[PDB]
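Step one of this worksheet: look at the structure below.
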Amino acid sequence: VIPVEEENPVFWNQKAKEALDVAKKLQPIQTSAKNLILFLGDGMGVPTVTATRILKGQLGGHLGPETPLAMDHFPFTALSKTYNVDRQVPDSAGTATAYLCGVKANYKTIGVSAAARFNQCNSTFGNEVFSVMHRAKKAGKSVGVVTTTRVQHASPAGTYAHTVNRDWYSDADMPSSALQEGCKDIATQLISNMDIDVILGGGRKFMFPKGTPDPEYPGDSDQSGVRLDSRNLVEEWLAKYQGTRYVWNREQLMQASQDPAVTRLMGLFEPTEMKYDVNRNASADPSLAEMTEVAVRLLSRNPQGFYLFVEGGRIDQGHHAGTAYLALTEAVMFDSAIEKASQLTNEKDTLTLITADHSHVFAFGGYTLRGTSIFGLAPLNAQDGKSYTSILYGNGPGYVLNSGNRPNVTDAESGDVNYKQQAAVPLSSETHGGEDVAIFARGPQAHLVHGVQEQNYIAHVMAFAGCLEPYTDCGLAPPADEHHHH
Amino acid sequence: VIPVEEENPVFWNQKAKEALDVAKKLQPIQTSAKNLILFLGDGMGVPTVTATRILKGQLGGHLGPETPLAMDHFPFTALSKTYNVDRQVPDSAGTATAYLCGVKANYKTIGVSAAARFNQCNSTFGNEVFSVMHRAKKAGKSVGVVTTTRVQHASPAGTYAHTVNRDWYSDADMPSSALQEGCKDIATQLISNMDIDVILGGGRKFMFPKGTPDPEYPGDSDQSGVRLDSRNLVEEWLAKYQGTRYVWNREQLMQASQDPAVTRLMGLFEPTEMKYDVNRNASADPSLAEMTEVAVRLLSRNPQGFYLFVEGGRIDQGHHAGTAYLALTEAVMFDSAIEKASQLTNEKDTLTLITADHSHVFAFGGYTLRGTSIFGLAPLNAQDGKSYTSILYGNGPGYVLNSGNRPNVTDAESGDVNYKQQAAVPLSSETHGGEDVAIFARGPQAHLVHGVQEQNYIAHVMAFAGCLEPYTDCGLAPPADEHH
Ligand SMILES: *[C@@H]1O[C@H](CO)[C@@H](O[C@@H]2O[C@H](CO)[C@@H](O[C@@H]3O[C@H](CO[C@@H]4O[C@H](CO)[C@@H](O)[C@H](O)[C@H]4NC(C)=O)[C@@H](O)[C@H](O)[C@H]3NC(C)=O)[C@H](O)[C@H]2NC(C)=O)[C@H](O)[C@H]1NC(C)=O
Ligand SMILES: *[C@@H]1O[C@H](CO[C@@H]2O[C@H](CO)[C@@H](O)[C@H](O)[C@H]2NC(C)=O)[C@@H](O[C@@H]2O[C@H](CO)[C@@H](O)[C@H](O)[C@H]2NC(C)=O)[C@H](O)[C@H]1NC(C)=O
Ligand SMILES: *[C@@H]1O[C@H](CO)[C@@H](O)[C@H](O)[C@H]1NC(C)=O
Ligand SMILES: *[C@@H]1O[C@H](CO)[C@@H](O)[C@H](O)[C@H]1NC(C)=O
Ligand SMILES: [Mg+2]
Ligand SMILES: [Mg+2]
Ligand SMILES: [Mg+2]
Ligand SMILES: [Mg+2]
Ligand SMILES: [Mg+2]
Ligand SMILES: [Mg+2]
Ligand SMILES: [Zn+2]
Ligand SMILES: [Zn+2]
Ligand SMILES: [Zn+2]
Ligand SMILES: [Zn+2]
């Protein structure tokens, strides 16, 4: 599609002139930040960002690539180098330590330096590193963790846990030697390492004794509590302070959000991961944007400020399943959660960063026409005379081999919710990509997010901006009425 | 490999503290720019940048991903939205119009608005758009075009040409109707549309009459001149001004660079594209960094300043051939050309941008170990019990069906110069990717390169910084002694 207005050079010259006016008037905010917000698109590399822009644009009735995402409005951009100390193509755990603790680490370990060794419980002790969230709490700020995966997953675990094995969700996942050597399962670390004001996401089963029926799936033994120590970790967390509340559904969450007696909130919406947004039960399950709204409303009450971590954790899982429809629809919802927080916070006192922990081997090509579906076919058949989708994965479960016969997929099949795009190599799960990811920033000290940075830099910018340890001697003025003129 | 120094959190905390010190001390340069430099990595998307960082790092004796590229030192970063008006997965021609002219355009057309139509000669007239290079020349600056492809290719052509078909290199490539309707081949537009001080790259054959033996390959008919109008476009370009010089090899280039009688230089080093750097004859063929040095030295002589376009054009071609070794080695040389220009220019008076026109369907994964070759294998076998390379392409000539028998490639085979990584879909040539690309900037007005921008913004920033049309009323102070 050739939009007529774009045929005129005046359209492009005017757009560029307006962008130059925005750039020339752009001002940095030179105060500290009262609030610190980190939005993490799990697996949301640069290809995912563009494909999400096209999808969100088209859902809104536009052609796609021209339509800005909520993240595209952020004034400051940088590239983030994602490598783990031991692996150049990283995982979620090792990356979590970098952007949440400010120290690069080893693949599959959380909140520990690279002196630690994967699955070696004894290597934990003396090697723990502390999160910006932990440090925000020590400074008197309120702290929050919001995710679409289990709250015990690698990314949210990076804000509170210290483990040499990211698979240790409950005591049921641990070898006896690790339990005896003094290692704690992630679910236990969640309630005991530090005070967390807001915990929202999935992961009910790892918090309850073995056989405890799930409130949503009581008849399914696979959804039941799994704990071997018979501890009710939800009960133990509630008992820590006055004003705590536990919710497991959307109605309870909405009621809790309005309740003045509630000051701390734990909301666990599924036995493990939350349903993909497209499969969400709108009456039972809250959306990521709803969870972020409740989190901001509760955390906002503390006049000292807050640190908030929001994770679009299922973008990663959609890509692992080679199902681009799931990965991209999750990213659409992630972008809406960014928009909601923007409506509820001011850049004058809030530093908001948007980034990814790593990328995937996801790409879209085939010289597709303007305004066509991202899930569509390339305009020409491939060398074998059969069609090909714009989206293709390097590896994963989408690999097809009907003997030596490549399928000849239709537009109807390719746009299907459960369609797995073709891949070059078979794997039960598609792999991460090792390439750099974007960092978007808005608010006090956002101008420090520039150039090409090591991933661990994200944690240091946020700690510096909030005058948190090791930067208590920040030398920054408190937030006032300095804005971007954006 | 776990490097011992990286086990200590103090290493990471010190590195971040140093980066914060650089960021806090970073000062925008609020003057105009005397010199405007654009480095274009053709097809160099974000995956190519990282893979090139690892490769360049390892070639230098390091582990790889920790080692900065010359481009990684640029203070200002942004994302560029590459879509063509008619195609969301773009080509080199349509993108060239955006970052060189400041107007987005249609797929396969150069220096024309999207009112024009591909391969419709009549749609050219009244729809031409003018480059920042053309506008730099009008303002009295010296102008230069440096590329590793033929100088008549889509990207360099964007600085001087207006065509509805990027395949019109010479008159031999044109239909008779287009010639009769008044359309000009790219090679002719090169010498006639504007005055270009420095032209460096390939493309000898499109400049000479049919059958003119190539100076390097006289015995090969496939390397001979291709022109049907019997014009010698090199001779016509030399005759335009006093002090012009034509070179076709490295020794002649070096001699021309030092000759005070030479003020304009045309250097065409191959019949078509220049050899891939790994295949380069070091005595006969100049490197991209050498061409960049000669261009900067010659263009620097003008007290009014210069506009210079430098293109790592074979990065794209390596990826099209599904041969990552070629694509990445070209990008290594591209990064070295960035470094050379940095040594020869001052950020106080020079605005240098680095970007890509578009990306590819190239990626690298497989949870590879730190310090391993980018051309290596993933540490574990795939689901079918056979190995897999870290690098994989979505499509292209690397596809291997083999009656459903996926190869079980070795490290020796995968690291080979001509190895084509596996692909999901067969194509004679691998396709571009539609995702955003990076923009890196240094110098006066580099701080305007921020956030997420439309690709055509690159041309406007450069025109504004140089006080070129339509921004002659820039209101900027002249370059001074303020650095980043
Ligand atoms: C999204 O979340 C929804 C909210 O929880 C969830 O809805 C629940 O779904 C099931 C239907 O699959 C309901 O249980 C079945 O539905 C009937 C319940 O009505 C009942 O009427 C009887 C009248 O005397 C009485 O015996 C019964 O106790 C009363 N229940 C209630 C809750 O007031 C019943 O006819 C049916 O047999 C029962 N049994 C089966 C399948 O054997 C349940 O009520 C729903 N809860 C709510 C609040 O609506 C929904 O399924 C979930 N998923 C989707 C896709 O929407
Ligand atoms: C790489 O090229 C070297 C230089 O090539 C010579 O110079 C020009 C430059 O393009 C070219 O036109 C000629 O084909 C070539 N010919 C001649 C007669 O010099 C080649 O090296 C040699 O150059 C030396 C002087 O530097 C000369 O004495 C040699 O005779 C010439 N080699 C010959 C004639 O065989 C060199 O061969 C080449 N290397 C490879 C591997 O191709
Ligand atoms: C695949 O089906 C398409 C119809 O969309 C057809 O045009 C094409 O010829 C087919 N390719 C084959 C059967 O090789
Ligand atoms: C491929 O060769 C490797 C040797 O590295 C071997 O381990 C593997 O079993 C082979 N795969 C098959 C299926 O032949
Ligand atoms: Mg995660
Ligand atoms: Mg639920
Ligand atoms: Mg606001
Ligand atoms: Mg090109
Ligand atoms: Mg040569
Ligand atoms: Mg310099
Ligand atoms: Zn991840
Ligand atoms: Zn993952
Ligand atoms: Zn290109
Ligand atoms: Zn190309």
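All chains are named by letter (A, B, ...) in the order of the sequence lines, taking the proteins before the strands, and each is independently numbered beginning at 1. For the numbers below, each heavy atom of this structure counts, side chains included, while hydrogens, waters and symmetry mates do not.
When each of A:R370, A:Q445, A:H358, A:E6 is checked for heavy-atom pairs under 4.5 Å with chain B, A:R370 comes out on top. The residue among A:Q422, A:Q453, A:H450 with the most heavy atom pairs within less than 4.5 Å of chain B is A:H450. Among the candidates A:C101, A:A441, A:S113, the residue making the largest number of heavy-atom pairs closer than 4.5 Å to chain B is A:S113. For chain B, the option among A:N127, A:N106, A:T372 with the highest count of heavy-atom pairs below 4.5 Å is A:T372. By number of non-hydrogen pairs under 4.5 angstrom with chain B, the leading residue of A:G434, A:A16, A:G45 is A:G434. Of the listed residues A:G433, A:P47, A:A363, the one with more heavy-atom pairs under 4.5 angstrom with chain B than any other is A:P47. Among B:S428, B:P65, B:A105, the residue making the largest number of heavy-atom pairs under 4.5 Å with chain A is B:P65.
In this model, a donor atom of one side chain and an acceptor atom of the other lie less than 3.5 Å apart for A:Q30 and A:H447.
With a threshold of 4.5 angstrom between heavy atoms, A:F11 does not approach chain B through any atom at all. Heavy atoms of B:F440 lying under 4.5 Å from chain A belong exclusively to its side chain. Residue contact with chain A, scored on non-hydrogen atoms closer than 4.5 Å, involves the side chain of B:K15 exclusively. Using a 4.5 Å cut-off between heavy atoms, A:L63 contacts chain B through its backbone alone, with no side-chain atom that close. For B:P379, the part sitting under 4.5 Å from any heavy atom of chain A is the side chain, from C-beta outward, and nothing else. In this structure, chain A has a heavy atom under 4.5 Å from the backbone of B:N84, while its side chain stays farther away. Interface remark: B:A438 contributes side-chain atoms only to the contact with chain A (heavy atom separation under 4.5 Å). If you measure heavy-atom distances from B:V129 to chain A, the contacts under 4.5 Å come from the side chain alone. Using a 4.5 Å cut-off between heavy atoms, A:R117 contacts chain B through its side chain alone, with no backbone atom that close. Looking at A:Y83, only its side chain comes within 4.5 Å of chain B, counting heavy atoms on both sides. When heavy atoms are compared at a cutoff of 4.5 Å, B:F362 does not approach chain A at all. Heavy-atom distances place the side chain of B:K81, and not its backbone, under 4.5 Å from chain A.
The side-chain hydrogen bond (donor to acceptor under 3.5 Å, both in side chains) search around A:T389 returns none, not counting sequence neighbours. B:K17 meets the salt bridge (charged side-chain N to carboxylate O under 4.0 Å, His left out) test with B:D21; sequence neighbours excluded.
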